[PDB]
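K.L.:
these are from a larger complex, still in place; more later:
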Amino acid sequence: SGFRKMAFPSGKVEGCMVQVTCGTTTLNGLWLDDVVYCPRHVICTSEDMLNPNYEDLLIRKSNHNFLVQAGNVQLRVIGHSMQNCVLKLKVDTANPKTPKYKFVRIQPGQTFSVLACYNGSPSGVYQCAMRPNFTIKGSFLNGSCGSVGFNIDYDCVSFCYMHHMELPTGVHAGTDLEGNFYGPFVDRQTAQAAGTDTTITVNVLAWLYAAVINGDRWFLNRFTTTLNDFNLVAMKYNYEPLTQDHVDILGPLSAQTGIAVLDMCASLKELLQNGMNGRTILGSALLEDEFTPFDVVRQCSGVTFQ
């Protein structure tokens, strides 16, 4: 029994984290084969950041301007290119600990593990959701940039996020490993508003299913609802619209528990309208939305890796 914010095991990613330094800026890089990936803003000074011309700043850089340290081993940079907002430093050594990996672009609502690093060394691991507004509510400090988010399938690491910046609101933004930001953000120190953050409805439902599996059934009610009637109530409480695709993905959990998706939707409707009356679900007084349907299945069925 029990249910936790459970992260993927970090071992495979630990062995890819390096320190990258340029000028006075030190952040993290991801070392896969003979390439180190890191945020390109590492080449910028404080003043460059206000309006950086990256094409120009990079032409003015040479390989020796980049210091890459893997543990107590200096990696020599022998090449550099830029892909969107990621810097690719070609190094003299293929990472012996390179795992099987893919670069994946995730959708809002999907979750991943983050290996928060400083100076190429891991500080911790935690589970995360890509928020609907394309931010993530991470735990990152100065120098966290280059830290990556990932999922694991079997033995294959699917890298989906690289951390680039913190916004004034204290939430975080970054790119896929091709250097394309998630959301309407740029690696420039210019005012940038997060879109309004909404609650990931399908994930709340998934977590309610988790709660049922673990006993909690008090929120189950006698009501039912149509999909559209639900979404009308949801929108009023800043909940993402629930699509048919979402309903379909919840199918496995609806089958496991025997509770139909729209029935669970009704249970949520009431919770939104009335509240919880000081009661808690899976130890939480708030409706948790950082667990996907698949995440519940994985934790409740005991899926392992490598």
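P.N.:
All right, it came through fine. Numbers count the residues shown, from 1 in each chain, chains lettered A, B, ... in the order given.

K.L.:
number of residues surrounding the spatially closest residue to residue A:67 that is not a sequence neighbour?
P.N.:
Spatially, and ignoring its direct neighbours in sequence, residue A:67 is nearest to residue A:21 (4.2 Å; CB to CB, 6 or more residues apart in numbering). Using the backbone N, CA and C atoms, a C-beta is placed for each residue, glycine as well. The burial count assigned to residue A:21 is 18, neighbours taken as other CB atoms under 10 Å.

K.L.:
in a strand, residue A:21, correct?
P.N.:
Yes: counting by DSSP: H, G, I helix; E, B strand; the rest coil, residue A:21 falls inside a strand.

K.L.:
doesn't residue A:64 make contact with it?
P.N.:
No: here residue A:21 does not reach residue A:64: they are 11.7 Å apart, not a contact under CB atoms under 8 Å.

K.L.:
the helices in the stretch 201-306 of chain A, which residues?
P.N.:
A:201-213, A:227-236, A:244-249, A:251-257, A:261-274, A:293-301 (DSSP state H, counting those that start in this stretch).

K.L.:
among those helices, which comes closest to residue A:127?
P.N.:
Distance to residue A:127, taken as CB to CB, is lowest for helix A:293-301 among the helices of the stretch 201-306 of chain A, at 7.9 Å.

K.L.:
and the angle from that closest one to helix A:201-213?
P.N.:
Compare the direction of helix A:293-301 with that of helix A:201-213 by axes from the mean of the first three to the mean of the last three CA atoms, to 10 degrees and you get 20 degrees.

K.L.:
how far does helix A:293-301 sit from the chain's center?
P.N.:
17 Å (CA atoms, centre = their mean, to the nearest Å).

K.L.:
now do stretch A:126-143
P.N.:
Using CA atoms, centre = their mean, we find the averaged C-alpha position of stretch A:126-143 to lie 6 Å away from the chain's own average C-alpha position.

K.L.:
got the domain ranges for chain A?
P.N.:
Dividing chain A into domains by CATH domains of a matching chain, as the record does, gives the ranges A:1-14+A:100-197, A:15-99, A:198-301.

K.L.:
and residue A:280, what does it touch?
P.N.:
Shown in contact with residue A:280 (CB atoms under 8 Å, 6 or more residues apart in numbering): no residues.

K.L.:
could you also fit chain B onto it:
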Amino acid sequence: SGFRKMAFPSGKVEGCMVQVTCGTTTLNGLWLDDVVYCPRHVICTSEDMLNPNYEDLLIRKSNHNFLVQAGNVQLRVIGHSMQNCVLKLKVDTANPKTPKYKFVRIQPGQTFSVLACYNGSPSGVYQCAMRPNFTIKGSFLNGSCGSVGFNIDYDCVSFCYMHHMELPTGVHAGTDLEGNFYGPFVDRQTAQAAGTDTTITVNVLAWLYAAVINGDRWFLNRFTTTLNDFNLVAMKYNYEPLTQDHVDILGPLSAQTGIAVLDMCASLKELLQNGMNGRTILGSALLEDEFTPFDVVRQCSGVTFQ
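P.N.:
With chain B now in place:
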């Protein structure tokens, strides 16, 4: 900067997890040097479990009764001993991936990362507290036993927990790596009651400090209190007494924020009595108690590992 249930990186522990099989039972073992540690109840059948005489059950066992698999590599058992409730299988091979480690017995309140495993293979990693009643509110399924809890200092893994059993209440119990149960529990299938669980006061305070660091200052009040006056209020809300040792360990955070421990205590007093008025601290509507003072320092200062 944000705040998350953040686990230690699992890499070092991943490389120590093996599968151990005996009779009708498969669970997990921890492979350090030429020894594999696992719960001794692996030698029991269903019938043995009702009233096991372990000294006698083990005398009747031979090395060949124990099948240890590290991936697709069979480890040959060449010896067996019992230390309290842990079985130590001596094998023909020292684990090449043995990290620097200690075996530590933690105190109630203290936290650790758990690497949940099935069949010697990791499913995930999550942060945990040793509850005051010596249970842990884990996420474990059938076959999780042998899974370990740990902290890391620099490069040294301090193993503090091995999972042995789930109790009727759905919470978990186990031993230090010397095989001594935490709490009044035994590795017998006989009814066993968890003591009443209390809230880990020192940890709630630590987490309030974390909240200050991340902005939230609304719960700060002008009032102060003596230690005893605080504990009188605490006991009424099922909070662990706050000791002077607790005050001392909160020292770093009190220094960092400039808020005195007893001042923070007063702020907590009010929160306990009046509630939050539907407000939230670090995204939570409940007072969180599974973060130690050190855990907050590590997350908020960016402490890394190896």
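
K.L.:
can you check the contacts of residue A:280 again with chain B included?
P.N.:
The neighbours of residue A:280, taking CB atoms under 8 Å, 6 or more residues apart in numbering or on different chains as the test, are residue B:286.

K.L.:
if you set the cut-off to 10 Å instead, what comes out?
P.N.:
A:211, A:216, A:218, A:286, B:285, B:286 (CB atoms under 10 Å, 6 or more residues apart in numbering or on different chains).

K.L.:
now residue A:215
P.N.:
When contacts are counted by CB under 10 Å, 6+ apart, residue A:215 is found next to A:1, A:282, B:170.

K.L.:
how many residues are close by the nearest residue to residue A:299 once chain neighbours are set aside?
P.N.:
Distance criterion CB to CB, 6 or more residues apart in numbering or on different chains; nearest residue to residue A:299, sequence neighbours excluded, is residue A:6 at 5.4 Å. The criterion is other CB atoms under 10 Å in any protein chain shown. On that basis, residue A:6 has 23 neighbouring residues.

K.L.:
hmm, residue A:6 is touching residue B:10, no?
P.N.:
No: under the criterion of CB atoms under 10 Å, residue A:6 is not in contact with residue B:10, lying 11.1 Å apart.

K.L.:
common neighbours of these two, please.
P.N.:
Taking CB under 10 Å, 6+ apart as the contact criterion, the common neighbours of residue A:6 and residue B:10 are B:114, B:116, B:124, B:125, B:126.

K.L.:
which of those are close to chain A?
P.N.:
On the criterion CB under 10 Å from any CB of the partner chain, B:114, B:116, B:124, B:125, B:126 are the entries of the shared contacts of residue A:6 and residue B:10 that sit beside chain A.

K.L.:
most widely separated two among those?
P.N.:
Between any two of those, the greatest separation by CB to CB is 8.7 Å, found for B:114 and B:124.

K.L.:
between those two, what contacts are shared?
P.N.:
Shared between the contact lists of residue B:114 and residue B:124 (criterion: CB under 10 Å, 6+ apart) are residues A:4, A:6, B:7, B:10, B:139.

K.L.:
hang on, residue A:56 in a helix?
P.N.:
Yes: the assignment for residue A:56, made by three-state DSSP, places it in a helix.

K.L.:
give me the three-state assignment for the residue nearest to residue A:79 when sequence neighbours are not counted.
P.N.:
In space, not counting the residues next to it along the chain, residue A:79 is nearest to residue A:90; the distance is 3.3 Å by CB to CB, 6+ apart. Judged by three-state DSSP, the three-state class of residue A:90 is strand.

K.L.:
right, I'll call it a day here.
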